[PDB]
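Protein chains in written order, with the entry's author numbering: chain Y, 6 to 222; chain G, 6 to 222; chain H, 6 to 222; chain W, 6 to 222; chain E, 6 to 222; chain A, 6 to 222; chain P, 6 to 222; chain V, 6 to 222.
Even for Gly, the Cβ is constructed at its ideal location relative to N, Cα and C.
Notes follow once the structure below has been shown.
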Ligand SMILES: Nc1ncnc2c1ncn2[C@@H]1O[C@H](COP(=O)(O)OP(=O)(O)OP(=O)(O)O)[C@@H](O)[C@H]1O
Ligand SMILES: Nc1ncnc2c1ncn2[C@@H]1O[C@H](COP(=O)(O)OP(=O)(O)OP(=O)(O)O)[C@@H](O)[C@H]1O
Ligand SMILES: Nc1ncnc2c1ncn2[C@@H]1O[C@H](COP(=O)(O)OP(=O)(O)OP(=O)(O)O)[C@@H](O)[C@H]1O
Ligand SMILES: Nc1ncnc2c1ncn2[C@@H]1O[C@H](COP(=O)(O)OP(=O)(O)OP(=O)(O)O)[C@@H](O)[C@H]1O
Ligand SMILES: Nc1ncnc2c1ncn2[C@@H]1O[C@H](COP(=O)(O)OP(=O)(O)OP(=O)(O)O)[C@@H](O)[C@H]1O
Ligand SMILES: Nc1ncnc2c1ncn2[C@@H]1O[C@H](COP(=O)(O)OP(=O)(O)OP(=O)(O)O)[C@@H](O)[C@H]1O
Ligand SMILES: Nc1ncnc2c1ncn2[C@@H]1O[C@H](COP(=O)(O)OP(=O)(O)OP(=O)(O)O)[C@@H](O)[C@H]1O
Ligand SMILES: Nc1ncnc2c1ncn2[C@@H]1O[C@H](COP(=O)(O)OP(=O)(O)OP(=O)(O)O)[C@@H](O)[C@H]1O
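Below you can see the structure in the form of structure tokens.
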């Protein structure tokens, strides 16, 4: 009975609730707009019209029952701030809030929100990376310098071996996976071929990988 | 270098432009809202007030020249749609568009957008995984079943060795990295220690990692 | 049981439904504005308030029953586009859509509308023809060059014969009908008189007719 | 040549002005919306921003000089009405006005408009005929009962001769034209062939043509 | 059973109905605004919310029963015009309409309104007369030259006689009434005194009276 | 001559200014609406854009100089009230204000307006008298009971003599004027004829005139 | 049964009613906005939605029962004025009204409001005093010159005696109270210590106190 | 001298600025509304149009220099909040903010405002005391129980001596001042007379003063 309540059904909030529901958790959907509540009614355990800045409505939902509450209101700063503050004063263990700008972040930080999230901003960065470097499909940064990257293989690697493309010595990186025709190879061994348009998961330093990307592929 | 046009300086569009500019690419920042143009003036090569649905304004920007055009308008479907169409007829190589819902996705597809992105939806899914599992700090899905996961170490893992935690045989998963106090250990050998509250990077099957999480940590 | 549904009750949509009803077909009238639905309630088999961009409402009407659906929404491009797309995905055989401008035409074309109609634009042309040439009551173009025209006869034709006004040799046109005092003569024979203010239906080349209009009448 | 003023650059008004200009007549394009004036600047002799209900602006345009004035305002009854009245008192020869509904028609009639047009309504009727009868591509009504119709030929008509299809005796109707692959056959002789998917132009009584359609094609 | 219906409850319309009711006539109060209908509910025989431009509502009131209908809508020209036209077509014997400007007068005149009234304009004149000439309390014009005026008497007439102030010979006017301390004297005889601040009713030529006003009072 | 300020160029205010200007008095026309200032520019000595509630603007107009100030604002109570107060504190001799309702009258009274006018209300009463009695063209009430009335002559009065119609004895009323075909007969002698459709001017008691109307005409 | 009614529930009005209720008086809460009425429903004897400018609603509340009525509407001048006037005419003994500016004060004064209050303006002054003089916690003016002030004691008074800080001779002021650690001493005697950060209540001339504030503390 | 910035020229903010300026301190008057800047131009050292939430505008005002900044925005929570935060990060010594409700208070507290004021609420309490007790003209609370009160003398107190009214023993309270006809008697001796309608200033316990009021006056 770990209960989640998602306040604000926007694209971000909507997705969290829709997803949490798919996982088979208990989720309460909360939105001031009636139509939204109708929309996500299928995708939550309970859907309720509520003005989340209004304390008595908030109490009527039985919000003190929830371990996690998500304020997925990032356009209306005042609604967002007021709801978060209410939840803090109502002693909610985890208050996760969508933030709009650096300033909205600060107030939320100050009023005691447990996690502040910038979904647009973060993906903006991620896509910009993929934009400049048309080779990066996906990735994850380990630290400021070290990073795991998923790469779409060019024709300058078609049918080449792991040992052929020596990266652990030649480029200081390690290869972790190949994905060919949907089939997946993990921690692939020294003799393994890589074909054009496969998925390649290289791990190392950011600059090291980009080096490899230059002369390698 | 590479020429990029970012039409619509939202929170998502704005990040792309800000980030790409930090990478030092030629970025044209376009918005109909004057104050947005004024806001991102420091973070672009050229920031211009334009109505991106108005064709003559689009030629006045000289958009035909650009390799990549990003429509970061995702609230106003009509603006988004109408612009993408304009850019298509104008023979732009790569048109990447921010989408709002499944149907706005569909029209973009049908008018031939090159890449459609749902930043909020995708991020929603990500955070939702992090919500039901407090241990996962981050992750990347290699495929429907296989995934590389970043985990926050608990007390059950303090002073534990890689050989002690036999993931490679017991769980079919492999550890890739350990982050201790900001210091970073890549593709670490079996003698190495994991201290609590550190970043642990495991790789394997989804159901297999969850298995490790349960009995392991 | 060929069923027609007319979505959007404007002047154009309204007329289609009002007319189709007069013919004794089955017609469903659909408009988001309640008053419109009340208006055309007499002139349809069934009149229903619906927001046609909303799929569940659209399904509740039982729209999959209709062989022909007409989206007579030309001011609101976004409502028009979204409805058409919905209907395409719901596998409607014939989707006829009112278009507003060249661009709205294109998107509709791309999303797979079966016939795009520009009722204002077309009549604008037709009347402009009648405007310059005060003699043309009505007409129909056969091709870019050839055209059937209905003409109001001047005093320079009063009581003249078919043979007198020889057009098949002298002007390369053929006369098809005279309409005098409401009485109608078809394929009128060589001796037939034509009186002032009668209706004359000439068939030929566009330039040929205008020639006739100059020296003839 | 002839002087025309088109007040109200709608989709209907706009077409008149665009078309008349292609014919090379002197067309004054008037609208209260600046952006409309800007849009049709290429398609007129003089395009002016004016409030057509304001009398002094109407003298500043010098409208008394024009032979033909077209009020293409059909949404805003008050603007339409008030303007027509202004033009009447200003002794304009021909005032043609776009009408919205039967009552807006009535006032225009009563304030002495010279020609009232319902472009959407009329076109609605036309398309509706085409809807119930997929064969009719176009048509012109000579009177309440007699009409010239353009038909799309089916398989039942392929390789058929004009003498084979005796319309002149069997159905009281006469064929006027055949269009094959863009090529055009006018007032064709009895030996001529009709191939499927061609344009066929028949003339007669309405009920008679429908009769031919039924058993013939 | 002479029935009156007052459509439009403004200051002017409201007063007509309120007054007609006081006289003990049958009056129907009609206004689109519900509150107005509530207001005049006491002051009419029947008060009904109706949109007077809507024919079926108009028919539901049973408007064809009324000998006199008053359209007391002078701000909204379009509502006024449309209602009047409706009433004309519904064959109402007397249609009295409040007009706003010279143009609104003309259309009403043309569509066949039986009496057009300019309540503001008329009183504006009347008060302006009283303004310049602080002596004129009230008056009524007989023709362009001849006029009956009510006058407040100065100290230069206090205790003077009818014969003393000879106006029928000296000024070509005739005196008709004196009103002293509320008591009224009619066709007052040659010996009658007039005191300061009495009411004096002089009849004659406009210029004649003003002459009297100069040297007399 | 005399200085007048007309604040608020309504239909009522506008008439005062237009009329007073025709009389050739110095009239200052003030309105907050620019287009009103532009409209009455021809009909005043000085027409100025001003917010009459703003004190400094009121000194910039130099209103202290004027003998008469007319507040012809009767829809906007707050504007009306606030202005009148401003003018009072500014020691203006005569403040005449247009009032909307009984309570707006009351405040004006209490803030010391010199004359309060209800043009619509008063005119409403007048026309209402004319409605129930088609014979009364015009009138003036001398007091609660005594009144001078202008009557439209019927068939019952055609070719009738003043001596024949003994009003002075039979009805206690006196005839004052006869208007025949525009020609005017003042204080007419007993031999004089009244022809039908002429203006008749009777004087007496209200109930007495109605009495004459009934049996007389 | 001294009844109070608070019309207008703003911050000021709300506080009056909330407070009067705490005291255990009978209070009627009145606001046009429904939500406000719901808000103060707990904090009044009776809470009622009413438009206070509407007389019949006002009468339905039974407003003639109240000894005191408070019009706590200071933003909307017209609503405030109209309500006050209504209450005057309904013969309410005490009409206390919140005023917005000097002008709104005047009209209220003129229409006979019993007390006019400027809550913002007054506190603005009070705080500005505390602002310049960081030593003044609170105070009360006796007249234009004489004033009782509460003062926060500096380190230049820590552990000093009443006789030590002789003010009745040295500065012409008298000390009335010390407040130390919450404990209160009144009319404190000559030997009494004063510690840093205590509360000191000095009484005298305004200039006298400020003198003391300079060399004393 | 001391530098003060008053952001938001409300009725409360406006008074602070007007008063502080009368005291002759350097006051910067900031508002987003141009007309407010224009209004208080006479009552400040520098009056500037600025959006106080916009950071660059805040540096353009040079706000870092000021010792005291007052946020007198209390309707617009978001503006208020966002500004206070800006000023905090900009290291301003004293930030005094006007608050609207308990929750707007809370955020200000949490973002570290130095003093939060509720001018309406506080004043509401004050007047409410004056309402239930017509005798109290003014007062100051020394603590929860002890208070100095200004009283309006009744008939029961006329010609009464300080010794006659033994408050110091009978009621535990002490009289501090008597105001007679504007003349002022400070810390008055026992022989002194109180005449009716004078200001009386008593000091003691709250319940004790009420006791005196009951039996005394
Ligand atoms: N006080 C409130 N109580 C409950 N729901 C609210 C409240 N205020 C806003 N919402 C809802 O929460 C959602 C928040 O999304 P919003 O419109 O603020 O933009 P956004 O967060 O940038 O959108 P997205 O989540 O797609 O990025 C909306 O559906 C809105 O109706
Ligand atoms: N026709 C247009 N031409 C240029 N810019 C436009 C046009 N229409 C919208 N924009 C801009 O594009 C941006 C798109 O953001 P929008 O407000 O539409 O919602 P959103 O994309 O969901 O927001 P976010 O990116 O923050 O999630 C806005 O900054 C807007 O000013
Ligand atoms: N989503 C919707 N669902 C159903 N009906 C709609 C929807 N959107 C608009 N309509 C209706 O369809 C009609 C469409 O006409 P619209 O106002 O778009 O201008 P128009 O098509 O140019 O007018 P006309 O048909 O006279 O040329 C309107 O009556 C409108 O109320
Ligand atoms: N007083 C006026 N003076 C000049 N132009 C005007 C005036 N009023 C309206 N217009 C213009 O006339 C045009 C009339 O089109 P409108 O938007 O009224 O509906 P419509 O005529 O039904 O549209 P459509 O012609 O596309 O069917 C508009 O472009 C409008 O800007
Ligand atoms: N279509 C309609 N049907 C019925 N009543 C209407 C309609 N349109 C307007 N009214 C009402 O009739 C009244 C007409 O007054 P309006 O607001 O037009 O200004 P006005 O005539 O200048 O005012 P006044 O009569 O005081 O001079 C209003 O009360 C309005 O609510
Ligand atoms: N503060 C102001 N200063 C100057 N002029 C104003 C102000 N407020 C209103 N006006 C003008 O005064 C006129 C008053 O007419 P309003 O529209 O208020 O209704 P009304 O007096 O009932 O109309 P009417 O006189 O036609 O019956 C308007 O022309 C308006 O522009
Ligand atoms: N006619 C009316 N009848 C009853 N209540 C009203 C009326 N008009 C306004 N109110 C209410 O009274 C209150 C008055 O506050 P208002 O919004 O006028 O600003 P304010 O008085 O400056 O606010 P505050 O009292 O906080 O200083 C509001 O809650 C409003 O809803
Ligand atoms: N971002 C901003 N920058 C500068 N000034 C602002 C800003 N936002 C609001 N203001 C101004 O601050 C003032 C604050 O008053 P507001 O109207 O918000 O209500 P209030 O403070 O309750 O009013 P009052 O002080 O009269 O009780 C207004 O004059 C407003 O124009």
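- DSSP lists P:208 as the beta-bridge partner residues of residue 179 of chain P.
- By the beta-carbon neighbour count (other beta carbons within 10 angstroms, threshold 16), residue 168 of chain P is exposed.
- Shown in chain order are the members of the region 72-97 of chain W whose Cβ falls below 7 Å from a Cβ of chain E: 82, 83, 86, 87, 90.
- Shortest Cα-Cα distance from residue 140 of chain G to any of G:24, G:121, G:216 involves G:216.
- Around the beta carbon of residue 144 of chain V, 16 or more other beta carbons sit within 10 angstroms, so the residue counts as buried.
- Residue 102 of chain P does not reach chain A, its nearest Cβ partner there being about 14 Å away, counting only Cβ pairs nearer than 7 Å.
- At a cut-off of 3 residues, the continuous stretches assigned as beta strand (DSSP E) that sit fully inside the region 68-124 of chain H are 73-76, 99-103, 120-122.
- Where residue 26 of chain P is concerned, the enclosing alpha helix (DSSP H) starts and stops at 16-27.
- If you compare the alpha carbons of E:221, E:136, E:214, E:36 with that of residue 160 of chain E, the shortest gap goes to E:221.
- Between residue 116 of chain Y and residue 101 of chain Y a beta carbon distance of about 13 Å is seen, past the 8 Å cut, so the two are scored as non-contacting.
- At least 8 Å separates the CB of residue 175 of chain A from every CB of chain P.
- Taking 8 Å as the upper bound for CB-CB distance, residue 76 of chain H and residue 65 of chain H are not in contact here, some 18 Å apart.
- Boundaries around residue 42 of chain V are those of the alpha helix (DSSP H), 39-44, since no beta strand (DSSP E) includes it.
- If only complete runs of 3 or more residues are kept, the region 145-173 of chain H shows the beta strand (DSSP E) at 151-157, in order along the chain.
- Remark: three or more beta-carbon pairs, one from each stretch, lie closer than 8 Å, so the region 203-217 of chain H and the region 165-180 of chain H are flagged as touching.
- At least one heavy atom of ligand 4 lies closer than 7 Å to the C-beta of residue 58 of chain W.
- The criterion of a C-beta distance shorter than 8 Å is satisfied by residue 53 of chain H and residue 42 of chain H.
- Residue 103 of chain G has its Cβ nearer than 7 Å to a heavy atom of ligand 2.
- Relative to ligand 6, the beta carbon of residue 17 of chain P is positioned no closer than 7 Å to any heavy atom.
- Taking a beta-carbon distance threshold of 8 Å, residue 167 of chain Y does not count as an interface residue toward chain V.
- Between residue 158 of chain A and residue 218 of chain A, the gap from beta carbon to beta carbon reaches 8 Å or more.
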